[PDB]
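**Q** This is the content of protein-v4.cif (mmCIF, C-alpha atoms and all ligand atoms):
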data_data
#
loop_
_atom_site.group_PDB
_atom_site.id
_atom_site.type_symbol
_atom_site.label_atom_id
_atom_site.label_comp_id
_atom_site.auth_asym_id
_atom_site.auth_seq_id
_atom_site.Cartn_x
_atom_site.Cartn_y
_atom_site.Cartn_z
ATOM 1 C CA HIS R 4 -8.057 -9.445 -5.897
ATOM 2 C CA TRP R 5 -7.693 -10.867 -9.423
ATOM 3 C CA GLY R 6 -4.762 -13.013 -10.419
ATOM 4 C CA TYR R 7 -3.886 -16.225 -12.242
ATOM 5 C CA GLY R 8 -4.443 -18.790 -9.483
ATOM 6 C CA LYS R 9 -7.201 -21.401 -9.217
ATOM 7 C CA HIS R 10 -9.296 -19.108 -7.047
ATOM 8 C CA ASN R 11 -8.812 -15.737 -8.730
ATOM 9 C CA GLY R 12 -7.792 -16.627 -12.283
ATOM 10 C CA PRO R 13 -9.360 -15.938 -15.719
ATOM 11 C CA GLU R 14 -12.515 -17.952 -15.050
ATOM 12 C CA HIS R 15 -13.295 -15.708 -12.064
ATOM 13 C CA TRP R 16 -12.636 -12.306 -13.613
ATOM 14 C CA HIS R 17 -16.154 -11.748 -14.927
ATOM 15 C CA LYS R 18 -17.524 -11.360 -11.390
ATOM 16 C CA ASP R 19 -15.590 -8.127 -10.838
ATOM 17 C CA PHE R 20 -15.237 -7.239 -14.546
ATOM 18 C CA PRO R 21 -18.380 -8.292 -16.429
ATOM 19 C CA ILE R 22 -16.921 -7.063 -19.731
ATOM 20 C CA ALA R 23 -14.887 -10.313 -19.498
ATOM 21 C CA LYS R 24 -17.735 -11.911 -21.432
ATOM 22 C CA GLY R 25 -17.926 -8.990 -23.863
ATOM 23 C CA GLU R 26 -18.171 -8.774 -27.661
ATOM 24 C CA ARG R 27 -14.523 -8.076 -28.428
ATOM 25 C CA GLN R 28 -12.411 -9.808 -25.775
ATOM 26 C CA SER R 29 -8.744 -10.773 -26.127
ATOM 27 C CA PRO R 30 -6.740 -12.835 -26.630
ATOM 28 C CA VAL R 31 -8.088 -15.023 -29.453
ATOM 29 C CA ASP R 32 -6.967 -17.969 -31.486
ATOM 30 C CA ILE R 33 -5.624 -16.800 -34.848
ATOM 31 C CA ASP R 34 -6.909 -19.271 -37.442
ATOM 32 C CA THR R 35 -4.393 -18.625 -40.236
ATOM 33 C CA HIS R 36 -6.532 -20.136 -42.960
ATOM 34 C CA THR R 37 -9.573 -18.019 -42.074
ATOM 35 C CA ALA R 38 -7.722 -14.703 -41.587
ATOM 36 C CA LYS R 39 -8.066 -12.603 -44.715
ATOM 37 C CA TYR R 40 -5.349 -10.800 -46.586
ATOM 38 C CA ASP R 41 -6.280 -7.119 -46.715
ATOM 39 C CA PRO R 42 -4.350 -5.312 -49.539
ATOM 40 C CA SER R 43 -5.512 -1.956 -48.156
ATOM 41 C CA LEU R 44 -3.509 -2.416 -44.937
ATOM 42 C CA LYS R 45 -0.560 -0.006 -44.997
ATOM 43 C CA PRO R 46 2.872 -1.177 -43.878
ATOM 44 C CA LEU R 47 3.380 -0.921 -40.124
ATOM 45 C CA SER R 48 5.602 1.955 -38.952
ATOM 46 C CA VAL R 49 7.653 1.278 -35.822
ATOM 47 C CA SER R 50 9.764 4.293 -34.883
ATOM 48 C CA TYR R 51 11.626 3.497 -31.677
ATOM 49 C CA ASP R 52 14.944 5.259 -32.410
ATOM 50 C CA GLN R 53 14.264 7.967 -29.816
ATOM 51 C CA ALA R 54 12.683 5.710 -27.191
ATOM 52 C CA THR R 55 13.378 6.619 -23.571
ATOM 53 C CA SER R 56 13.009 3.742 -21.122
ATOM 54 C CA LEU R 57 12.854 4.756 -17.483
ATOM 55 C CA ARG R 58 12.176 1.920 -15.126
ATOM 56 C CA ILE R 59 11.273 -1.722 -14.728
ATOM 57 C CA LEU R 60 8.575 -2.801 -12.276
ATOM 58 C CA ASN R 61 7.249 -6.102 -10.889
ATOM 59 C CA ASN R 62 3.550 -5.280 -10.420
ATOM 60 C CA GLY R 63 2.407 -8.580 -8.975
ATOM 61 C CA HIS R 64 1.414 -10.219 -12.254
ATOM 62 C CA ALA R 65 4.158 -9.337 -14.746
ATOM 63 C CA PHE R 66 7.066 -6.931 -15.028
ATOM 64 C CA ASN R 67 6.712 -3.715 -17.002
ATOM 65 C CA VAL R 68 9.513 -1.783 -18.673
ATOM 66 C CA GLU R 69 8.147 1.786 -18.702
ATOM 67 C CA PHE R 70 8.927 4.577 -21.145
ATOM 68 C CA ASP R 71 8.700 8.371 -21.202
ATOM 69 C CA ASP R 72 5.539 8.988 -23.201
ATOM 70 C CA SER R 73 5.317 12.755 -22.586
ATOM 71 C CA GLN R 74 6.496 13.361 -26.165
ATOM 72 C CA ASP R 75 6.433 11.459 -29.441
ATOM 73 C CA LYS R 76 9.722 9.547 -28.964
ATOM 74 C CA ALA R 77 8.690 5.955 -29.596
ATOM 75 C CA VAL R 78 5.630 5.563 -31.781
ATOM 76 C CA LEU R 79 3.646 3.051 -33.802
ATOM 77 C CA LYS R 80 1.762 4.245 -36.894
ATOM 78 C CA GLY R 81 0.452 2.866 -40.136
ATOM 79 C CA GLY R 82 -0.752 -0.675 -40.526
ATOM 80 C CA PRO R 83 -4.474 -0.615 -39.618
ATOM 81 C CA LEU R 84 -3.984 2.481 -37.482
ATOM 82 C CA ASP R 85 -5.167 6.037 -38.028
ATOM 83 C CA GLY R 86 -3.021 8.489 -36.156
ATOM 84 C CA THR R 87 -0.048 8.130 -33.847
ATOM 85 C CA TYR R 88 0.240 5.796 -30.884
ATOM 86 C CA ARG R 89 2.919 6.309 -28.224
ATOM 87 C CA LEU R 90 4.753 3.497 -26.483
ATOM 88 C CA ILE R 91 4.055 3.601 -22.743
ATOM 89 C CA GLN R 92 5.412 0.205 -21.633
ATOM 90 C CA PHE R 93 6.058 -3.398 -22.631
ATOM 91 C CA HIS R 94 5.692 -6.631 -20.650
ATOM 92 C CA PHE R 95 5.409 -10.362 -21.208
ATOM 93 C CA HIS R 96 3.100 -13.289 -20.449
ATOM 94 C CA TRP R 97 4.838 -16.668 -20.058
ATOM 95 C CA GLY R 98 4.315 -20.201 -18.888
ATOM 96 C CA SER R 99 5.579 -22.712 -16.363
ATOM 97 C CA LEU R 100 6.681 -24.827 -19.349
ATOM 98 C CA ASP R 101 7.846 -24.058 -22.896
ATOM 99 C CA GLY R 102 4.656 -25.587 -24.332
ATOM 100 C CA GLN R 103 2.490 -22.763 -23.009
ATOM 101 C CA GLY R 104 2.609 -19.114 -22.049
ATOM 102 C CA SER R 105 1.343 -17.032 -24.977
ATOM 103 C CA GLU R 106 -2.100 -15.444 -24.866
ATOM 104 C CA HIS R 107 -2.822 -15.396 -28.581
ATOM 105 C CA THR R 108 -2.505 -18.761 -30.283
ATOM 106 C CA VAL R 109 -1.890 -19.594 -33.972
ATOM 107 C CA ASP R 110 -4.013 -22.478 -35.284
ATOM 108 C CA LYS R 111 -4.314 -23.389 -31.587
ATOM 109 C CA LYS R 112 -0.519 -23.465 -31.153
ATOM 110 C CA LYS R 113 0.695 -21.937 -27.869
ATOM 111 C CA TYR R 114 4.092 -20.230 -27.746
ATOM 112 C CA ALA R 115 6.440 -20.162 -24.742
ATOM 113 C CA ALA R 116 5.708 -16.468 -24.159
ATOM 114 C CA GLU R 117 4.246 -13.317 -25.667
ATOM 115 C CA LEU R 118 5.622 -9.779 -25.573
ATOM 116 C CA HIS R 119 3.180 -6.864 -25.554
ATOM 117 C CA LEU R 120 4.392 -3.365 -26.495
ATOM 118 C CA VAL R 121 1.550 -1.112 -25.368
ATOM 119 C CA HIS R 122 0.872 2.173 -27.165
ATOM 120 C CA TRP R 123 -1.840 4.805 -26.719
ATOM 121 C CA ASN R 124 -3.520 7.074 -29.310
ATOM 122 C CA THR R 125 -2.123 10.588 -28.903
ATOM 123 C CA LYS R 127 -5.404 12.178 -29.942
ATOM 124 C CA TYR R 128 -6.653 11.234 -26.455
ATOM 125 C CA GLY R 129 -4.001 13.097 -24.489
ATOM 126 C CA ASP R 130 -3.074 10.435 -21.943
ATOM 127 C CA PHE R 131 -3.232 6.692 -21.366
ATOM 128 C CA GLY R 132 -6.006 6.953 -18.789
ATOM 129 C CA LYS R 133 -8.281 8.678 -21.317
ATOM 130 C CA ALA R 134 -7.243 6.411 -24.197
ATOM 131 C CA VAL R 135 -8.353 3.191 -22.492
ATOM 132 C CA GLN R 136 -11.911 4.575 -22.385
ATOM 133 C CA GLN R 137 -11.962 4.768 -26.210
ATOM 134 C CA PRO R 138 -12.601 1.943 -28.704
ATOM 135 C CA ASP R 139 -9.476 2.893 -30.653
ATOM 136 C CA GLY R 140 -7.481 4.114 -27.681
ATOM 137 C CA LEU R 141 -4.673 1.556 -27.633
ATOM 138 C CA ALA R 142 -2.552 -0.328 -30.138
ATOM 139 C CA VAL R 143 -0.727 -3.319 -28.690
ATOM 140 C CA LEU R 144 2.018 -4.971 -30.747
ATOM 141 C CA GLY R 145 2.237 -8.645 -29.779
ATOM 142 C CA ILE R 146 5.304 -10.769 -30.515
ATOM 143 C CA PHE R 147 5.517 -14.492 -29.854
ATOM 144 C CA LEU R 148 8.552 -15.984 -28.148
ATOM 145 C CA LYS R 149 9.762 -19.515 -28.849
ATOM 146 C CA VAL R 150 12.667 -21.244 -27.069
ATOM 147 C CA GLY R 151 15.829 -21.806 -29.079
ATOM 148 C CA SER R 152 18.694 -19.373 -29.572
ATOM 149 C CA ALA R 153 19.071 -16.484 -27.158
ATOM 150 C CA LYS R 154 17.756 -13.012 -28.060
ATOM 151 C CA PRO R 155 20.745 -10.678 -27.474
ATOM 152 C CA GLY R 156 18.508 -7.652 -27.066
ATOM 153 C CA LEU R 157 16.538 -9.264 -24.261
ATOM 154 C CA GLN R 158 19.507 -9.991 -22.001
ATOM 155 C CA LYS R 159 19.599 -6.602 -20.280
ATOM 156 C CA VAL R 160 16.020 -7.261 -19.187
ATOM 157 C CA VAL R 161 16.895 -10.749 -17.980
ATOM 158 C CA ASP R 162 19.844 -9.512 -15.976
ATOM 159 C CA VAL R 163 17.873 -6.897 -14.007
ATOM 160 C CA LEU R 164 15.112 -9.286 -12.861
ATOM 161 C CA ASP R 165 17.088 -10.284 -9.755
ATOM 162 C CA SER R 166 16.497 -6.742 -8.492
ATOM 163 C CA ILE R 167 12.687 -6.853 -8.856
ATOM 164 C CA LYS R 168 11.961 -10.371 -7.682
ATOM 165 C CA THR R 169 8.810 -9.510 -5.772
ATOM 166 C CA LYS R 170 5.612 -7.487 -6.160
ATOM 167 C CA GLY R 171 6.111 -3.738 -5.786
ATOM 168 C CA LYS R 172 9.856 -3.703 -6.475
ATOM 169 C CA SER R 173 11.169 -1.403 -9.214
ATOM 170 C CA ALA R 174 14.566 -0.487 -10.591
ATOM 171 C CA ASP R 175 16.053 2.186 -12.820
ATOM 172 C CA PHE R 176 16.097 0.897 -16.353
ATOM 173 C CA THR R 177 17.263 3.611 -18.665
ATOM 174 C CA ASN R 178 18.645 3.441 -22.172
ATOM 175 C CA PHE R 179 17.026 0.108 -23.047
ATOM 176 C CA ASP R 180 16.388 -0.166 -26.814
ATOM 177 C CA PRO R 181 13.126 -1.976 -27.607
ATOM 178 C CA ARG R 182 14.186 -2.408 -31.250
ATOM 179 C CA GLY R 183 16.308 -5.268 -29.959
ATOM 180 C CA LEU R 184 13.158 -7.314 -29.261
ATOM 181 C CA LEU R 185 11.689 -7.200 -32.786
ATOM 182 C CA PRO R 186 11.772 -10.062 -35.299
ATOM 183 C CA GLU R 187 13.017 -9.389 -38.873
ATOM 184 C CA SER R 188 9.586 -9.279 -40.539
ATOM 185 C CA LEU R 189 6.753 -6.925 -39.631
ATOM 186 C CA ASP R 190 4.059 -9.052 -41.358
ATOM 187 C CA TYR R 191 1.092 -9.180 -38.990
ATOM 188 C CA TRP R 192 -2.513 -10.136 -38.202
ATOM 189 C CA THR R 193 -4.838 -7.473 -36.808
ATOM 190 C CA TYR R 194 -8.229 -7.439 -35.115
ATOM 191 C CA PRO R 195 -10.196 -5.279 -32.648
ATOM 192 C CA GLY R 196 -9.978 -6.529 -29.083
ATOM 193 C CA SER R 197 -9.363 -5.753 -25.429
ATOM 194 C CA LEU R 198 -6.817 -5.600 -22.641
ATOM 195 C CA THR R 199 -6.118 -9.227 -21.612
ATOM 196 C CA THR R 200 -5.945 -8.314 -17.899
ATOM 197 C CA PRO R 201 -8.630 -6.657 -15.779
ATOM 198 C CA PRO R 202 -10.207 -4.094 -16.388
ATOM 199 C CA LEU R 203 -10.379 -5.926 -19.745
ATOM 200 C CA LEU R 204 -11.451 -2.710 -21.512
ATOM 201 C CA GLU R 205 -12.330 -3.100 -25.186
ATOM 202 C CA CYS R 206 -10.037 -0.341 -26.364
ATOM 203 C CA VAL R 207 -7.327 -2.226 -28.231
ATOM 204 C CA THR R 208 -6.385 -2.593 -31.844
ATOM 205 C CA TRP R 209 -4.276 -5.747 -31.753
ATOM 206 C CA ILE R 210 -1.352 -6.112 -34.141
ATOM 207 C CA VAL R 211 0.214 -9.534 -33.740
ATOM 208 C CA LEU R 212 3.418 -10.279 -35.667
ATOM 209 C CA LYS R 213 3.577 -13.493 -37.683
ATOM 210 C CA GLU R 214 7.289 -14.043 -36.976
ATOM 211 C CA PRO R 215 8.224 -15.059 -33.437
ATOM 212 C CA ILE R 216 11.535 -14.152 -31.834
ATOM 213 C CA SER R 217 13.673 -16.897 -30.269
ATOM 214 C CA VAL R 218 14.897 -16.654 -26.670
ATOM 215 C CA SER R 219 17.087 -19.163 -24.867
ATOM 216 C CA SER R 220 15.929 -21.630 -22.254
ATOM 217 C CA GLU R 221 18.121 -19.714 -19.755
ATOM 218 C CA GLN R 222 16.418 -16.410 -20.580
ATOM 219 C CA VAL R 223 12.882 -17.770 -20.107
ATOM 220 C CA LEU R 224 13.982 -19.694 -17.011
ATOM 221 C CA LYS R 225 14.891 -16.367 -15.382
ATOM 222 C CA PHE R 226 11.356 -15.063 -16.043
ATOM 223 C CA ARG R 227 10.042 -18.077 -14.102
ATOM 224 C CA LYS R 228 12.098 -17.170 -11.011
ATOM 225 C CA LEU R 229 10.139 -13.970 -10.441
ATOM 226 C CA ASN R 230 7.444 -13.917 -7.708
ATOM 227 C CA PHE R 231 3.733 -12.931 -7.788
ATOM 228 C CA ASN R 232 4.024 -12.341 -4.045
ATOM 229 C CA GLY R 233 5.573 -9.428 -2.241
ATOM 230 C CA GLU R 234 8.793 -9.656 -0.243
ATOM 231 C CA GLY R 235 8.416 -11.467 3.073
ATOM 232 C CA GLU R 236 5.427 -13.496 1.842
ATOM 233 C CA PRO R 237 5.282 -17.193 0.893
ATOM 234 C CA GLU R 238 6.891 -17.643 -2.502
ATOM 235 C CA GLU R 239 4.550 -18.197 -5.413
ATOM 236 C CA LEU R 240 6.477 -18.304 -8.675
ATOM 237 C CA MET R 241 5.351 -15.843 -11.367
ATOM 238 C CA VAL R 242 4.459 -18.347 -14.121
ATOM 239 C CA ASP R 243 1.428 -18.924 -16.353
ATOM 240 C CA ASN R 244 0.297 -15.289 -16.194
ATOM 241 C CA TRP R 245 -1.638 -15.635 -19.456
ATOM 242 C CA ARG R 246 -5.338 -15.466 -20.213
ATOM 243 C CA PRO R 247 -6.598 -18.194 -22.558
ATOM 244 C CA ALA R 248 -8.153 -17.566 -25.952
ATOM 245 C CA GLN R 249 -11.618 -15.989 -25.917
ATOM 246 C CA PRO R 250 -14.601 -16.310 -28.323
ATOM 247 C CA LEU R 251 -13.924 -14.545 -31.642
ATOM 248 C CA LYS R 252 -17.650 -13.747 -31.930
ATOM 249 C CA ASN R 253 -18.430 -11.136 -34.579
ATOM 250 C CA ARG R 254 -14.884 -10.342 -35.689
ATOM 251 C CA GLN R 255 -12.635 -11.042 -38.678
ATOM 252 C CA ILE R 256 -8.864 -11.211 -38.279
ATOM 253 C CA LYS R 257 -7.068 -9.460 -41.167
ATOM 254 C CA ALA R 258 -3.592 -10.379 -42.448
ATOM 255 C CA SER R 259 -1.098 -7.877 -43.873
ATOM 256 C CA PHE R 260 0.502 -10.637 -45.944
ATOM 257 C CA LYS R 261 -0.478 -13.336 -48.458
HETATM 258 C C1 LIG B 301 -2.413 -1.950 -20.331
HETATM 259 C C2 LIG B 301 -2.803 -2.397 -18.986
HETATM 260 N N1 LIG B 301 -3.821 -1.909 -18.301
HETATM 261 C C3 LIG B 301 -3.903 -2.631 -17.162
HETATM 262 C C4 LIG B 301 -2.905 -3.568 -17.149
HETATM 263 N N2 LIG B 301 -2.564 -4.440 -16.093
HETATM 264 O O1 LIG B 301 -3.340 -4.490 -15.135
HETATM 265 O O2 LIG B 301 -1.507 -5.069 -16.134
HETATM 266 N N3 LIG B 301 -2.207 -3.426 -18.330
HETATM 267 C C5 LIG B 301 -1.116 -4.256 -18.866
HETATM 268 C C6 LIG B 301 -1.584 -5.613 -19.265
HETATM 269 N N4 LIG B 301 -2.700 -5.489 -20.228
HETATM 270 S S1 LIG B 301 -2.487 -6.084 -21.719
HETATM 271 N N5 LIG B 301 -1.995 -7.598 -21.577
HETATM 272 O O3 LIG B 301 -3.814 -6.079 -22.250
HETATM 273 O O4 LIG B 301 -1.461 -5.343 -22.385
HETATM 274 ZN ZN ZN B 302 -0.140 -8.188 -21.984
#
Now that the file is in, can you turn its structure into structure tokens?
Ligand SMILES: Cc1ncc([N+](=O)[O-])n1CCNS(N)(=O)=O
Ligand SMILES: [Zn+2]
**A**
Amino acid sequence: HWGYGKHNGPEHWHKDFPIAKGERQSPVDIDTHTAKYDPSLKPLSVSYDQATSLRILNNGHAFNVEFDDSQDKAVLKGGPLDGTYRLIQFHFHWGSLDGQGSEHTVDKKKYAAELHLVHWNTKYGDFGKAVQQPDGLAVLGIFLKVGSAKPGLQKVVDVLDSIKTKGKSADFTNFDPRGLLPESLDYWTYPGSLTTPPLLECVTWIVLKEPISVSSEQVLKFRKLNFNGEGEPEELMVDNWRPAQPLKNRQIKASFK
């Protein structure tokens, strides 16, 4: 099946998922000088005060912290979005080294990791239906650089021991995603796709300009996870990022000057 190895990685995905070579694939390189300030972009509205996390899962390629999305409890609105998008889960993409790991790049610069908070458009009823729509998802991406520790990320780091391998999950209630946000909500936005198969072109990407800092110990813990299932040869979960794709006929807009 697909993965991030030499034999099933990003360069192989198009065989099972031809949309991999589509017109609006993600991630992309964000050329800061070419992105255009768009005064008509409304401020982003992140309302996570009532967020209800439920569980954390190692799915074989990343770990997802899942939320109750059966009601508007944690939503993203405003910015380039029309309507309300509900948070369903968040996960990360990281590298084997601090010099790589992010999916989006800024003027070709790669960050140590990238957090994706996935939200779906409530006008579509459920996530499964939303991904079949061009404006079905809104994914908030936040770059991670190594430096000082991120206090709000520690609870996630500490539970990873319990979901070391593919298929393992653990209760993960009362986690506050507001603790993973940088100070500024300035962002770049463009129409794109999921960065993992099925690579559906249903995402409005909102990538924050300001990265958050995590400690070397925190990211090191990410790199101890396994792509493999328990009782299988150990393959460390590292470099689970897709490289930048052709921008093609798209313009990246900036919410700031
Ligand atoms: C939203 C979604 N559908 C399928 C998967 N998956 O297979 O992991 N994801 C999560 C990773 N996709 S992403 N990077 O574009 O947010
Ligand atoms: Zn992702």
**Q** Dump the neighbourhood of ligand LIG 301 (chain B) as a VMD selection string: all residues within 7 Å, distances computed on only C-alpha atoms and all ligand atoms.
**A** chain R and resid 119 121 143 197 to 202
**Q** Name the residues that the PyMOL selection byres (((chain R and resi 135) around 8) and not hetatm) pulls out of this structure, and write them as a PyMOL selection string.
**A** chain R and resi 123+131-134+136-138+140-141+204-207
**Q** Step by step, measure atom-to-atom distances between ligand ZN 302 (chain B) and each residue using all atoms listed in the file, keep those at most 12 Å, then write them as a ChimeraX atom specification.
**A** /R:29-30,64-67,92-97,104-107,116-122,142-147,197-201,203,207,209,211,244-247
**Q** Listed atoms of range 108-118 of chain R, axis-aligned box, 4 Å per side: centre and edge lengths to one decimal in Å, as AutoDock Vina command-line options?
**A**
--center_x 1.1 --center_y -16.6 --center_z -29.7 --size_x 18.8 --size_y 21.7 --size_z 19.1
**Q** In Å, rounded to a single decimal, give me how far CA of residue 222 in chain R is from CA of residue 171 in chain R.
**A**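 CA of residue 222 in chain R lies 22.0 Å from CA of residue 171 in chain R.
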**Q** Using the chain letters and numbers from the file, which residues does the PyMOL selection byres (((chain R and resi 54-57) around 6) and not hetatm) grab, as a PyMOL selection string?
**A** chain R and resi 51-53+58+69-71+76-77+176-179
**Q** Could you spell out the hits of the PyMOL selection byres (((chain R and resi 113) around 7) and not hetatm) on the shown file, as a list in words?
**A**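 Checking the PyMOL selection byres (((chain R and resi 113) around 7) and not hetatm) against this file, the residues are residues 102, 103, 104, 105, 108, 111, 112, 114 and 115 of chain R.
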